[PDB]
Number of protein chains: 2
Amino acid sequence: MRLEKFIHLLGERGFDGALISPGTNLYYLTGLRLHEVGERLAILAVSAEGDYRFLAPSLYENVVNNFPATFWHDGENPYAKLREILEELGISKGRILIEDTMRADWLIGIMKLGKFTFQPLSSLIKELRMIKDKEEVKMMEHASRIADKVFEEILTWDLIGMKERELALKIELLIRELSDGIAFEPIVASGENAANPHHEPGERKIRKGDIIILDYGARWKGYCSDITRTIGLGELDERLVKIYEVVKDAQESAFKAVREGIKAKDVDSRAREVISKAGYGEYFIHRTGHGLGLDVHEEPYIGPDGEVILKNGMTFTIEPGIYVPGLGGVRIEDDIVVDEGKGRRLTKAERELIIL
Amino acid sequence: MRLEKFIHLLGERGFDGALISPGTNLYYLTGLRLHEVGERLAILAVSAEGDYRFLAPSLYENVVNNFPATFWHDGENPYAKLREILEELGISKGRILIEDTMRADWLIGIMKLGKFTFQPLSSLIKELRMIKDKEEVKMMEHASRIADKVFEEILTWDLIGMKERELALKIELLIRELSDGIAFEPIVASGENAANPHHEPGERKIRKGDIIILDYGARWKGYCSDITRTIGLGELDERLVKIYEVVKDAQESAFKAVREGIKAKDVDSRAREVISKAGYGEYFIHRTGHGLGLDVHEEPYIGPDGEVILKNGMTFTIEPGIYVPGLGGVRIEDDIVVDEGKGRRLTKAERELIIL
Ligand SMILES: [Co+2]
Ligand SMILES: [Co+2]
Ligand SMILES: [Co+2]
Ligand SMILES: [Co+2]
């Protein structure tokens, strides 16, 4: 049904076709999934008329099921074969949508097969992927359920002495155990390192007294979860305990505001104001949230620049944070789904400050 | 030195400039490494005139040290700022090289900043990276020794009943313990799965009478190792025991032929002929090898179509293999450097058939 909706939407927006290399969008529209495609040209070509063909390396004739295809064997010019395909479908010229993540070398090669006008596929597909259907929500529900479970397990561990990279690897192995895989490289940021929202787990040793930001996500049948919890080891510096309660308040506040009809930026503003009123406005160095589904980061964005009007089915995160250089940081993130016109938490893990 | 040789090459070869997104090429040239850049425009613009600038999101500010950079903040149009940069370096039009792995959406945006003709960066940079300098060989040397340590370690584990996926995981973890990380996902193909060169480790349990292909690699300061060894658990089918002797002699032959001044395909022909004369010509479905360095796969390619004239400093693999359906397969792979006009094994793990 999706591929057909996409096709109708293609015409409604004036595009003649689309070229979609493997990845989340391809999967979304067809269920097709190729293992490590790398350099080998693999492309779903779609016409606004209704026809479509998937060009792929002979090596994938098994995974493609019976999806209309045309294979190319090594020694052949994938680009020439694509050109023929573009002709049969009648799109060897015109405005063509291009998968956002496709390799530049493939696009360069595609540029020689005809005279086209290009635009990123996301500019149009986001309209469909932003509103999750019932099954997609169920899948995200389980991914979030697993993220909750992983958190519970982490708390039974003895963190002291562990190095960030080490804790992150344990989290990662657990996620790979409980799910289809990590949604992204887990992030463990301890002590003063928690002050960097984009910290990359390293050699720092976790010690008593350290605040720790735990950020990770699982994947279930392709759908992602993305959670973040901040815990403390022993007694935390008093300045960080105060900060925590503030972020907690901001996150719950932003969540309650979630309603069908409000702009994404208003949700961000609702968490933003709580943090400003407490005097930490300058330390909240990022958007309040981002959407998720087949990817960790997708529409709609929950920042001061989010223009999307929330609607039932949309899924995104709420994770305001406060980062103080030389001291640390705190972030509390939940995956939220707009349901029955109201915000509903997909992740249930403990929100109160936990001191191991 | 590298960047200046690249700039010199840009001019000699006819190009006006290059735009390089994060990845191995950006690293080779500048030592710059950006963790999970995702969708944030990060580009190194380089003019043939010697001028260069690095546009990166403000979050990588400290990681880029003293490199000439212009940073942008979430909420701005980094494409607008790239335009200004192309303006001052004098490359808002002309023949530009594009990082092969750059996202299509970035390229598409770049396309709106001027009239260009593009060509993949690798077509030119491959001329530099193919010739490894002393330190690069040193790094790969450590990477290869770590691949050998891993082999020795594998021989002490009890493999009976262990699933392929499980052994692959252990190899992965040991490699991550001993080095900077895996070069690619370890491969374990047991029994008849050893017949498929592209086999992906599954749930099949390793049992006696099984031959097992072990294919994995390590990373050391960015440089890769890629080794392959085939072992046997208990007593194997006599056919396989001889198929192994052919591969061994074949592998050693191609290694002996490695000399400065010979065409790549000739090293391949050498291993290839030893196998044909033994009668298994049709069960050797791939190139004898490929070059490696910052990436697992790079120039020169050691196959029937290999046109490169081997010179000192080149690093590639010699890994011929025999794959017979319903029976199994065997591959022995070493990483080789052309040193003093002769071939030299970087990987030295035991090549004789070992039975556990
Ligand atoms: Co997170
Ligand atoms: Co997140
Ligand atoms: Co290999
Ligand atoms: Co290998």
Side-chain angles (χ1 to χ4, degrees), chain A residues 36 38 143-144 147-148 150-151 168 171 175 182-189 194 197-199 201 212-218 224-230 251 286-292 295-297 302 316-321 329-336 346-347 349, chain B residues 36 38 143-144 146-148 150-151 154 168 171 175 182-189 197-199 201 212-219 224-230 251 286-292 295-298 301-303 315-321 329-336 346-347 349:
Chain A
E36 284 179 281
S144 293
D148 277 353
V150 167
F151 184 56
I171 287 177
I175 290 171
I182 46 173
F184 58 87
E185 281 175 49
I187 289 183
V188 179
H198 290 78
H199 180 64
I212 304 166
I213 291 179
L214 299 174
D215 177 321
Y216 59 89
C224 312
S225 61
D226 185 355
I227 193 165
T228 301
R229 285 288 184 285
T230 301
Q251 203 255 21
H286 67 70
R287 299 192 180 77
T288 288
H290 57 79
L292 43 18
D295 282 295
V296 184
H297 295 139
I302 321 304
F316 53 89
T317 75
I318 291 177
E319 60 188 317
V330 177
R331 189 197 322 134
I332 301 177
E333 168 190 48
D334 279 312
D335 304 327
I336 287 58
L346 297 180
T347 48
Chain B
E36 274 176 323
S144 303
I146 284 175
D148 290 331
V150 171
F151 184 54
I154 290 172
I171 290 177
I175 288 180
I182 45 168
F184 58 93
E185 294 170 57
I187 297 184
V188 176
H198 279 58
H199 178 62
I212 310 174
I213 289 191
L214 305 167
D215 176 10
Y216 58 84
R219 280 205 100 173
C224 304
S225 65
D226 192 352
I227 200 174
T228 300
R229 283 291 180 288
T230 297
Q251 205 263 351
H286 58 60
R287 305 148 122 61
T288 292
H290 59 84
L292 34 47
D295 288 283
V296 184
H297 300 140
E298 45 183 80
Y301 286 99
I302 311 306
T315 52
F316 52 80
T317 75
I318 291 184
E319 57 185 308
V330 178
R331 184 197 323 143
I332 302 175
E333 168 187 45
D334 287 313
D335 301 324
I336 289 77
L346 291 169
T347 45

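By convention in this document, chain letters (A, B, ...) are assigned in the order of the sequence lines, proteins followed by strands, and residues within each chain are numbered from 1. Start at 1 and go down the list; that is how both ligands and their atoms are numbered. FYI, side chains are in, hydrogens and waters are out, and symmetry mates aren't considered; it's all heavy atoms of this structure.
- Within B/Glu333, OE1 is the N, O or S atom that lies nearest to the Co ion (ligand 4).
- Nearest N, O or S atom of B/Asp215 to the Co ion (ligand 4): atom OD1.
- Look at B/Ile227 and the Co ion (ligand 4): an N/O/S atom of the residue is under 2.8 Å from the metal.
- Residues B/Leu214 and B/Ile154 form a side-chain contact, since some pair of their non-hydrogen atoms from C-beta on lies under 4.5 Å apart.
- Contact check for A/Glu319 versus A/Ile332: no side-chain heavy atoms found under the 4.5 Å cut-off.
- For a distance bound of 2.8 Å, the N, O or S atoms of A/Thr317 include none lying that close to the Co ion (ligand 1).
- Heavy atoms only, all atoms of each residue included: A/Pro186 and A/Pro201 are closest at O-CG, 3.6 Å.
- The Co ion (ligand 1) has an N, O or S atom of A/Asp226 under 2.8 Å away, backbone or side chain.
- The shortest side-chain heavy-atom distance between A/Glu333 and A/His290 falls under the 4.5 Å cut-off.
- Put simply, the side chain of B/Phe151 does not reach to within 4.5 Å of the side chain of B/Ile227, judged on heavy atoms.
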